[PDB]
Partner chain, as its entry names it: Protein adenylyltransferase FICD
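There is one chain below, alone, in structure tokens, taken in the form solved without the partner chain.
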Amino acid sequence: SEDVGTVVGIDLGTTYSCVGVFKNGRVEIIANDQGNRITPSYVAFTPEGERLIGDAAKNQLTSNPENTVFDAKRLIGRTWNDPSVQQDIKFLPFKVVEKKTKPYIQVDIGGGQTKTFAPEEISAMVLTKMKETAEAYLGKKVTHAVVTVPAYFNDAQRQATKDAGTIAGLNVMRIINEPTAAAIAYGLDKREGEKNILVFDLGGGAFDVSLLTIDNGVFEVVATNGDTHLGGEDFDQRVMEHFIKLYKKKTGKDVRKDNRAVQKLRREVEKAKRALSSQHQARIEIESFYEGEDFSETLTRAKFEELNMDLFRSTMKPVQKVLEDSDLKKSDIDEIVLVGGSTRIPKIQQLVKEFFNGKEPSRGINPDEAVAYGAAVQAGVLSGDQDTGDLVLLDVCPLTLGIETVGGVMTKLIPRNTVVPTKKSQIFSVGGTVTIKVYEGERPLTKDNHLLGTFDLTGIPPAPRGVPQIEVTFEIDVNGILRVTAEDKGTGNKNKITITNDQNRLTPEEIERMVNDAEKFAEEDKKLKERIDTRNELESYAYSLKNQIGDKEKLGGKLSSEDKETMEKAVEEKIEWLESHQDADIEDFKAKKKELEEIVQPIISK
């Protein structure tokens, strides 16, 4: 088998991402080059050609909103006609365009150049940054990763996250659902017997709920449900829609058309929201908001709640379904674990306490980091030689799979909350070329569920006395992803299997371009780095020589007025040169260094 190296655990979140590693019997959550244990899931393209990621991209959002990309997780794995995609793009500053019926991100990379990106490639960039953050901490290179996804992500969404991993040069070994991961972080070291645990994950863009059983070191997911388009960014968006309206009331101006203004508002709103988790009031002051004029308002916690109460309450609907599916009731639940930054909002904590008749949720557990914590643990296990505690994971598929039948009937195949890996065989007697439409979801009619894909069977052998019997097998792997194979029961030895997979996915050719484009950008970013670092060598060398000459105690007492004048001039010449050619290329600097060394070298060696 493969030497998988150190395996890293990544929480690839909507607004934030987090990387951990298991080593010396301990999880370390890894800080980035700015000393932050979490990293904004942002990428930006500066007018000067530069491609920024994380905190740096985020810090230039309001000065360059149209080419700062964010919330790409809300687009990953979706189609154009998805209602969720069409609602989202109405509040995104960067262009989003259809192609191959998928939403692609279109931006300006600088110098009049337009690039269109698949959300997978934007997520790849975020993951690459997380890879590098780890590689630095370890002092070595990394190739395998465990990556989280929300429990309720469907098949496309899982696959796309995996592809994203690939494009960033990572083998995604295991996709792990976020509440499961958090559960490990909660209940790894627990030795209290079988206890029912409810994990309530509310982050930046997605909502997951799972009921687990945790007996000692054995984790079993009983039931799962959530909303993949519901989170912090939606609370922010309600508070923005409000202040825009308010500002038009009070000033007559509609600021919706100016992305700078909106984005400045988003930034400060978010900051207000956070404050309102520990205060009752927050001033939102934005200087030079619109046209030239300043903005100034107060958001009370009460108002933040009126605006968002429908959304807060809708988190209880999946929590019910979870219990209903678990055949358990509220009093059975031993602990309710909260993860995701959005669970810091008091009203969410309150609605949860009330739903469980006054039961107090669990503290102790960092809601921003827990999900990566658990991923890191699961990475340790996969890294081979690590001393994690006992860990057993049984996790489930979240959505019933079925096929369309006469009428448009969702003829069920694999129920939801089935443990994975699982498979289901199915004999068909249709010959010729049969088309199978698979579907995802709990509704008894096909129209009302999500189309996963269309699988054509072209292989079937032709009979002498008629009709072939084909066994179609639907396997769901440990990651949650469907694979579909076939075999006929008419031939000994020959089994004739042909699956054309008419399905909205990046091809292996498309993935190859995007991987090579990523490798190009790395090389490009590497050379921009060599151009900076060698301009600095020159500039330092020059300044250093200028000290040594003016220093009568060391290298300037040794010089004659002839050689002193020639040194002063050679250095003074190259400095006011460097000051006016900042845009010079790598070879210009290499030359000027060597022009200056030519002259200095004979002189200093006397």
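Numbering follows the first chain given and starts at 1.
In what follows, reference is made to the form solved in complex with the partner chain, a form of this protein that is not presented.
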query: Options 392-400, 118-126, 259-267, 246-254; stretch whose heavy atom lies within 4.5 Å of the partner chain in the entry with it bound; finding: 392-400
query: Interface residue in the entry with it bound among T300, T411, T500, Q469, criterion: non-hydrogen atom within 4.5 angstroms of the partner chain; finding: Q469
query: One residue of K90, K447, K141, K494 in contact with the partner chain, assessed in the entry with it bound (non-hydrogen atom, 4.5 angstroms); finding: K494
query: 4.5 angstroms heavy atom contact with the partner chain in the entry with it bound for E194; finding: yes
query: is_contact(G459, the partner chain) in the entry with it bound, heavy atom dist at most 4.5 Å; finding: no
query: Partner proximity in the entry with it bound: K329 to the partner chain, non-hydrogen atom cutoff 4.5 Å; finding: no
query: Contact flag, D215 vs the partner chain in the entry with it bound, heavy atom cut 4.5 Å; finding: yes
query: Heavy atom distance at most 4.5 Å to the partner chain in the entry with it bound, all of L311, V319 and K424; finding: no
query: The partner chain in the entry with it bound - contacting residues of 156-193, heavy atom within 4.5 Å; finding: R174
